[PDB]
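Heads up: the structure comes next, in structure tokens.
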Amino acid sequence: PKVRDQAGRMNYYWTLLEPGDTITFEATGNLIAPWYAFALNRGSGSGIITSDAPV
Amino acid sequence: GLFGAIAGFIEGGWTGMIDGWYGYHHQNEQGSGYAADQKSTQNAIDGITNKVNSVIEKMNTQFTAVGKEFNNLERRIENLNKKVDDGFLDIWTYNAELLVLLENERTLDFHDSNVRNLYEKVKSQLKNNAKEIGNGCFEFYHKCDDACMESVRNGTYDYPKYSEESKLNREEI
Ligand SMILES: *[C@@H]1O[C@H](CO)[C@@H](O[C@@H]2O[C@H](CO)[C@@H](O[C@@H]3O[C@H](CO)[C@@H](O)[C@H](O[C@H]4O[C@H](CO)[C@@H](O)[C@H](O)[C@@H]4O)[C@@H]3O)[C@H](O)[C@H]2NC(C)=O)[C@H](O)[C@H]1NC(C)=O
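Order-wise, the sequence lines are chains Y and E. By full-length UniProt numbering, the letter at position 15 of the first sequence is numbered 249, and the numbering carries on one by one without gaps. By full-length UniProt numbering, the letter at position 110 of the second sequence is numbered 454, and the numbering carries on one by one without gaps.
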């Protein structure tokens, strides 16, 4: 069925590439390549909350 | 009053006394007044302080706990997770409330008990030299004065020093 006017679908994927590791992409179509990626700084006791209170 | 003193044989409180939780009333010819008892009051103070702190220490403060998301094929484990959240919440709610109920009774008992101790500690000092005139009151068989009033609250009242006087007084009844 058309969703946001699209009979096509696209699956999004993620992964944590560890220091030193290499990630290789091979394709003959259908790849939505990474353009920008994110280097992560681990904290702790952060989190996600759902709120409509103002900052 | 489980110890029969408070709301018991000593019917009322003394909005007059503001020195402390436990104290004496006196009326020597020189005048009237209130004087709270240091030793007992400071004890009760200390103890009840310890009691609140001890209860609160047993509560580790809560650290970051944010809920977890699940997708629609994860209903069992989303339900497992709710079961845990609800299960611990019941237990802490029950512990908190139940403790406070039970310990409130103990605290009030404590106060009742301290008061009875006080009274009886005086009573064992006076004996003959005064009579049980009701509602935690003694009546001196001898005349006594403000500085003498301080011997009572001292826990050092000299029973012999007035035993003579009180004897011939009491014996006129
Ligand atoms: C950012 O988020 C907002 C959502 O807050 C989003 O805008 C919203 O998107 C939907 C989809 O475009 C809009 O609802 C549509 O309104 C149009 C025009 O009036 C209707 O024709 C649409 O109905 C048709 O398509 C539906 C399926 O997609 C069918 O259910 C329906 O039967 C019709 O065929 C549809 O309801 C909505 O108007 C806005 N909301 C607001 C407040 O504007 C925006 O698209 C998002 N942007 C990005 C980049 O993701």
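Think of the CB as a built atom: it goes at the ideal place given N, C-alpha and C, for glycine as much as any other residue.
Neighbour list for residue i in chain Y, Cβ cutoff strictly below 8 angstroms
{"i": "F407(E)", "result": "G279"}
Cut-off 8 angstroms between Cβ atoms - residues of its own chain near residue i, not counting five sequence neighbours on either side
{"i": "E476(E)", "result": "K467, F482"}
{"i": "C488(E)", "result": "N372, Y506"}
Residue i versus residue j: straight-line alpha-carbon distance, rounded
{"i": "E494(E)", "j": "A388(E)", "result": "21 angstroms"}
{"i": "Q371(E)", "j": "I354(E)", "result": "18 angstroms"}
{"i": "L512(E)", "j": "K395(E)", "result": "49 angstroms"}
{"i": "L445(E)", "j": "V399(E)", "result": "13 angstroms"}
{"i": "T405(E)", "j": "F432(E)", "result": "15 angstroms"}
{"i": "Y378(E)", "j": "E464(E)", "result": "19 angstroms"}
{"i": "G499(E)", "j": "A491(E)", "result": "13 angstroms"}
{"i": "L417(E)", "j": "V428(E)", "result": "19 angstroms"}
{"i": "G478(E)", "j": "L470(E)", "result": "15 angstroms"}
{"i": "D434(E)", "j": "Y501(E)", "result": "56 angstroms"}
{"i": "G254(Y)", "j": "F272(Y)", "result": "15 angstroms"}
{"i": "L274(Y)", "j": "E441(E)", "result": "44 angstroms"}
{"i": "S278(Y)", "j": "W269(Y)", "result": "28 angstroms"}
{"i": "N264(Y)", "j": "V237(Y)", "result": "19 angstroms"}
{"i": "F407(E)", "j": "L250(Y)", "result": "27 angstroms"}
{"i": "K412(E)", "j": "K402(E)", "result": "27 angstroms"}
{"i": "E516(E)", "j": "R497(E)", "result": "28 angstroms"}
{"i": "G391(E)", "j": "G367(E)", "result": "18 angstroms"}
{"i": "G356(E)", "j": "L443(E)", "result": "28 angstroms"}
{"i": "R276(Y)", "j": "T437(E)", "result": "34 angstroms"}
Chain-ordered neighbours of residue i on chain Y, where CB pairs are closer than 7 angstroms
{"i": "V410(E)", "result": "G281, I282, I283"}
Beta-carbon proximity of residue i to residue j, cut-off 8 angstroms
{"i": "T393(E)", "j": "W365(E)", "result": "no"}
{"i": "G352(E)", "j": "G360(E)", "result": "no"}
{"i": "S510(E)", "j": "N472(E)", "result": "yes"}
{"i": "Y485(E)", "j": "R450(E)", "result": "no"}
{"i": "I266(Y)", "j": "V410(E)", "result": "no"}
Proximal residues to residue i (C-beta, below 6 angstroms), its chain only, five neighbours per side dropped
{"i": "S507(E)", "result": "none"}
{"i": "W248(Y)", "result": "none"}
Same chain, Cβ closer than 7 angstroms to residue i, five either side skipped, listed in chain order
{"i": "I350(E)", "result": "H455, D456, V459"}
{"i": "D363(E)", "result": "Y378, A379, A380"}
### Query
Where in the segment 437-501 of chain E do unbroken runs of the beta strand (DSSP E), each at least 3 residues long, occur, reported from the N-terminal end onward?
474-476, 482-484
### Message
Which complete beta strand (DSSP E) runs does the segment 356-391 of chain E hold, if anything under 3 residues is left out?
### Response
Counting whole runs of 3 or more residues, the segment 356-391 of chain E contains the beta strand (DSSP E) stretches 367-372, 375-380.
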